[PDB]
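Note sheet for the following structure.
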Amino acid sequence: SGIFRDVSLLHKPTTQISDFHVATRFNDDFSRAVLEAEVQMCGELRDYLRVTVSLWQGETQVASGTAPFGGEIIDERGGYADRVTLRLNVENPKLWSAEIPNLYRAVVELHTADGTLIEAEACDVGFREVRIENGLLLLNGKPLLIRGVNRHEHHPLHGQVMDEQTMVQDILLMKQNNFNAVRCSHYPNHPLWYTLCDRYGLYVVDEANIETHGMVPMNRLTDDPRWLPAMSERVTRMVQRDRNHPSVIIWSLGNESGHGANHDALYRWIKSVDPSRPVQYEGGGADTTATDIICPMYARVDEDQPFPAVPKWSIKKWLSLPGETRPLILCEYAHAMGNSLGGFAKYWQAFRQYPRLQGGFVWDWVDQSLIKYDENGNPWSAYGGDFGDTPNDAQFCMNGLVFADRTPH
Amino acid sequence: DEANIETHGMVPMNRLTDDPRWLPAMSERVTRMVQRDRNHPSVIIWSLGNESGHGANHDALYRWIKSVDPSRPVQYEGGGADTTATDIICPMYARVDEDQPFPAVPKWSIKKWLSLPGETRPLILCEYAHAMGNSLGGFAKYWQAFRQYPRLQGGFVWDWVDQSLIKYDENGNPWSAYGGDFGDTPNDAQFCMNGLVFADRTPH
Ligand code: NA
Ligand code: NA
Ligand code: NA
Ligand code: NA
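Those sequence lines, one after another, are chains 2 and 1.
For what it's worth, the entry's author numbering labels the leading residue of the first sequence as 206, then goes sequentially.
For what it's worth, the entry's author numbering labels the leading residue of the second sequence as 411, then goes sequentially.
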């Protein structure tokens, strides 16, 4: 607990850019693209007010558009006077992917007609399309093969406080070890994490900070409408914050909270506000109505685990269950606790043989061990219980591919 | 119940079945079969024939059956085991785990076939486990899969009885003969014997 992330002060003018969304749609062969930027403002509306959105590829200005506030007609009462949408054409855009993280810079200027700048915001733009079609997860029209890993924000000395050096160290090790995807288990990450993923190139699964694993049954809260408001904020505020990051290709409703009605509502909410990214969730059986992706955790390759109500079918078998058509990407697999990862090769032989088996995220990146000191003041890695903490789960907090200090296992 | 239509020897295999001029001859082999056996309850599936590739004539006749008799699924293996002329994925000799990515008409591992993008049909091998001579090795592998995968609903072993013919020696004693034993040439010798039982029905 505590104030574990940054604290800062931001000054904004009264008339300000209060929000902006960036979308990139393409033609059949991705040789043409349209960048759509919706800008929202707060403060007093004046006719002289303007918004200019310009697109930059390095130091070269690719495109620019300007318009006063006032959107199209929405309904019987009109439209948003306090909003404006700028559309920009881009010929042969350099597409974004984990393979080649091509990025553009979008600058949003709030200014007066005479050209006086009021304020400006901006973000990195990655031209890529994510869509599920005929059962496959496609990135720019190509079927992905997720070589991902689950990663908690953990430091052996600083606990759950993240710093750039560590984020970069993790990112370099991941890419150096052929990983192209990371899942934010199980909450929105420190903001810098998304910037690095956009620039270094990693497919990200952004996950809402919702986990009620300890309840009985697991969905006791998620199925309760009285907890819908609290849950919605955890999902809605995540989207409002990271929706402009191209590295985010999938939204997650959270983790291990069974399956409740609140999940279906929030699932539909996202699809409605952001059709650019698939939505997934493992609770309630990995294939409920709240997920566009069959995303089981620890489902084996050939062996079925017929647990009542929430069985973990062999992934090969799961795909062909009567009526099933969705792609299957394990949100978690190959539990790397201690001397582990035995049988890893079996998963990859299946991923490559089956088109709809599109990889998964290993559990997990780094041991959640902590640093303690003995009488002589020498450091030693501690785990559950080594703090008087009780009850606890001992060493189950260590299931990483690397040690807490990043030395590889 | 299968129509009497096989043009295996053609090159390509669908040369006659994709030819509108052979449609008349083909439709009779299909239409007259249905008019004769449509009342038997034991018949649960209509088959458009065997090894004749996949031609437009297969589609027309497939649609004909679906029209005159909507009580039975229609299947046909030609052209890839999963064309538009079959309600059932019915490959012949597709293996349980190993793919055989032949060009145009591959034989995928049956487990994989079921889940190819967009596929939703049940899969029943029209031919599998070739019982030629000392064979049936790996048979148990098929049944483990059939029982584990709901959409893998079995198959038809190939085949029941060796097609050997009786011949007699100078002492008038009988012996089992096969391809070429009657001066018949060219022939394919013993490939006519692929059964689980001998021609006299003695078990293998
Ligand atoms: Na695959
Ligand atoms: Na654990
Ligand atoms: Na079955
Ligand atoms: Na034969």
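Using N, Cα and C, we set each Cβ at its ideal position, and we do this for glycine too.
#1: Going by other Cβ atoms of all chains shown within 10 Å of its Cβ, with 16 needed for buried, is residue 521 (chain 1) buried or exposed?
#2: Just to confirm, is the Cβ distance from residue 532 (chain 2) to residue 341 (chain 2) under 8 Å?
#3: State yes or no: is the beta carbon of residue 528 (chain 1) nearer than 8 Å to at least one beta carbon in chain 2?
#4: Please state whether DSSP places residue 402 (chain 2) in a helix, a strand or coil.
#5: Among 604 (chain 1), 454 (chain 1), 486 (chain 1), which one has its Cα closest to the Cα of residue 469 (chain 1)?
#6: So the beta strand (DSSP E) residue 470 (chain 2) belongs to, where does it begin and stop?
#7: Taking Cβ-Cβ distances shorter than 9 Å, what residues in chain 1 pair up with residue 341 (chain 2)?
#8: Report the residue from 493 (chain 1), 538 (chain 1), 561 (chain 1), 490 (chain 1) whose alpha carbon sits nearest the alpha carbon of residue 552 (chain 1).
#9: Across the region 595–603 of chain 2 and the region 548–563 of chain 2, are there enough close Cβ pairs to call them in contact, namely three or more that are closer than 8 Å?
#10: With a Cβ-Cβ cutoff of 8 Å, do residue 523 (chain 2) and residue 550 (chain 2) count as a contact?
#11: Check the Cβ of residue 522 (chain 1) against every Cβ in chain 2 and list those closer than 8 Å, keeping chain order.
#12: Count the other C-beta atoms from every protein chain shown that fall within 10 angstroms of the C-beta of residue 408 (chain 2), then say buried if there are 16 or more, exposed otherwise.
#13: In or out: residue 399 (chain 2) buried (at least 16 other Cβ within 10 Å) or exposed?
#14: As a quick exercise: from 547 (chain 2), 479 (chain 2), 235 (chain 2), 501 (chain 2), pick the residue whose alpha carbon is nearest that of residue 332 (chain 2).
#15: If we define contact as Cβ-Cβ less than 8 Å, is residue 411 (chain 2) a contact residue for chain 1?
#16: Is residue 347 (chain 2) helix, strand or coil when you go by DSSP?
#17: Between which two residues does the alpha helix (DSSP H) containing residue 517 (chain 2) stretch?
#18: So, do the region 235–252 of chain 2 and the region 282–292 of chain 2 have three or more beta carbon pairs nearer to each other than 8 Å?
#19: Note the first and the last residue of the continuous alpha helix (DSSP H) segment covering residue 551 (chain 1).
#20: In this structure, does DSSP put residue 438 (chain 1) in helix, strand or coil?
#21: If I follow the unbroken alpha helix (DSSP H) through residue 369 (chain 2), where does it start and stop?
#22: Starting from residue 565 (chain 2), follow its DSSP beta bridges and name the residues at the other end.
#23: Which class does residue 385 (chain 1) belong to by DSSP, given the choice of helix, strand or coil?
#24: With 8 Å set as the bound, which would you pick, yes or no: does the beta-carbon of residue 572 (chain 2) sit closer than that to a beta-carbon of chain 1?
#25: Once DSSP output is grouped into helix, strand and coil, what is the label at residue 680 (chain 2)?
#26: Residues of chain 1 with CB under 8 Å from residue 509 (chain 2), in chain order?
#27: Got a sec? Which residues, its chain only, sit under 8 Å from residue 277 (chain 2) by beta carbon, not counting five neighbours each side?
#28: Report buried or exposed for residue 448 (chain 2), applying the criterion of at least 16 other Cβ atoms within 10 angstroms of its Cβ.
#29: With DSSP as the reference, please indicate the residues paired to residue 324 (chain 2) in a beta bridge.
#30: Excluding the 5 residues flanking residue 600 (chain 2) on each side, which residues of the same chain have their C-beta closer than 8 Å to its C-beta?
#31: Candidates 254 (chain 2), 279 (chain 2), 465 (chain 2), 309 (chain 2): which alpha carbon is nearest residue 450 (chain 2)'s?
#32: What are the residues that DSSP puts in a beta bridge with residue 261 (chain 2)?
#33: Using a Cβ distance threshold of 8 Å, determine whether the region 307–327 of chain 2 contacts the region 424–435 of chain 2, with at least three qualifying pairs required.
#34: Would you list the residues sitting across from residue 586 (chain 2) in a DSSP beta bridge?
#35: Is the distance from the Cβ of residue 443 (chain 2) to the Cβ of residue 411 (chain 2) below 8 Å?
On the basis of the supplied data:
#1: The residue labelled residue 521 (chain 1) in the question sits at position 111 within the second sequence. Classification for residue 521 (chain 1): buried.
#2: Position 327 of the first sequence, counting from 1, holds the residue named residue 532 (chain 2). Position 136 of the first sequence, counting from 1, holds the residue named residue 341 (chain 2). Yes. Within cutoff.
#3: Within the second sequence, numbered from 1, the residue matching residue 528 (chain 1) stands at position 118. Closer than 8 Å to some Cβ of chain 2, the Cβ of residue 528 (chain 1) qualifies, so yes.
#4: To locate residue 402 (chain 2), count along the first sequence from 1; it is residue 197. Looking at residue 402 (chain 2) - three-state DSSP - the assignment turns out to be helix.
#5: Residue mapping note: residue 469 (chain 1) aligns to position 59 of the second sequence, counting from 1. It is 486 (chain 1).
#6: The residue given as residue 470 (chain 2) occupies position 265 in the first sequence. Not the beta strand (DSSP E): residue 470 (chain 2) falls in the alpha helix (DSSP H), residues 466–478.
#7: In the first sequence, counting from the first residue as 1, residue 341 (chain 2) sits at position 136. In chain order: 527.
#8: Looking up residue 552 (chain 1) in the second sequence gives position 142. Ranking the options by Cα distance to residue 552 (chain 1), first place goes to 538 (chain 1).
#9: no
#10: For this step, residue 523 (chain 2) is matched to residue 318 along the first sequence. For this step, residue 550 (chain 2) is matched to residue 345 along the first sequence. No.
#11: Position 112 of the second sequence, counted from the first residue, corresponds to residue 522 (chain 1). 521, 558, 559, listed in chain order.
#12: For this step, residue 408 (chain 2) is matched to residue 203 along the first sequence. Buried is the call here.
#13: Counting from one through the first sequence, the residue named residue 399 (chain 2) turns up at place 194. Residue 399 (chain 2) comes out buried.
#14: Here the question's residue 332 (chain 2) lines up with position 127 in the first sequence. Closest option to residue 332 (chain 2), Cα to Cα, is 235 (chain 2).
#15: Residue 411 (chain 2) sits at position 206 when you count from the first residue of the first sequence. By this cut-off, residue 411 (chain 2) is not an interface position.
#16: Position 142 of the first sequence holds residue 347 (chain 2). Of the three classes helix, strand and coil, the one that applies to residue 347 (chain 2) here is strand, per DSSP.
#17: Locating residue 517 (chain 2) in the first sequence gives position 312, counting from the first residue. It is not in any alpha helix (DSSP H) - residue 517 (chain 2) carries neither H nor E in the DSSP assignment.
#18: yes
#19: By one-based count along the second sequence, residue 551 (chain 1) stands at place 141. Unbroken alpha helix (DSSP H) run through residue 551 (chain 1): 549–558.
#20: Within the second sequence, numbered from 1, the residue matching residue 438 (chain 1) stands at position 28. Residue state, collapsed to three classes: helix.
#21: In the first sequence, residue 369 (chain 2) corresponds to position 164, counting from 1. Looking at the DSSP string, the run of the alpha helix (DSSP H) that includes residue 369 (chain 2) is 369–381.
#22: Start at 1 with the first residue of the first sequence, and residue 565 (chain 2) comes out as number 360. Beta-bridge pairing links residue 565 (chain 2) to 352 (chain 2), 535 (chain 2).
#23: Residue 385 (chain 1) lies beyond the range of chain 1 shown here (411 to 614); nothing can be said about it.
#24: Numbered from its first residue, the first sequence carries residue 572 (chain 2) at position 367. Closer than 8 Å: no.
#25: It is not possible to answer for residue 680 (chain 2), since the shown part of chain 2 is limited to 206 through 614.
#26: To locate residue 509 (chain 2), count along the first sequence from 1; it is residue 304. Within 8 Å Cβ-Cβ: 558.
#27: What you label residue 277 (chain 2) is simply residue 72 of the first sequence in a count that begins at 1. The residues are 284, 290.
#28: What you label residue 448 (chain 2) is simply residue 243 of the first sequence in a count that begins at 1. It counts as buried.
#29: Translated into the one-based positions of the first sequence, residue 324 (chain 2) becomes position 119. For residue 324 (chain 2), which the question treats as bridged, DSSP gives the partners 315 (chain 2).
#30: For the purposes of this step, residue 600 (chain 2) is identified with residue 395 of the first sequence, where counting begins at 1. Only 542, 543, 588, 589 meet the Cβ criterion.
#31: Stepping through the first sequence from its first residue, residue 450 (chain 2) is reached at position 245. Closest option to residue 450 (chain 2), Cα to Cα, is 309 (chain 2).
#32: Translated into the one-based positions of the first sequence, residue 261 (chain 2) becomes position 56. Residue 261 (chain 2) is bridged to 266 (chain 2), 310 (chain 2).
#33: no
#34: Counting from one through the first sequence, the residue named residue 586 (chain 2) turns up at place 381. According to DSSP, residue 586 (chain 2) bridges with 576 (chain 2).
#35: Along the first sequence, one-based indexing puts residue 443 (chain 2) at 238. Along the first sequence, one-based indexing puts residue 411 (chain 2) at 206. Contact: yes.
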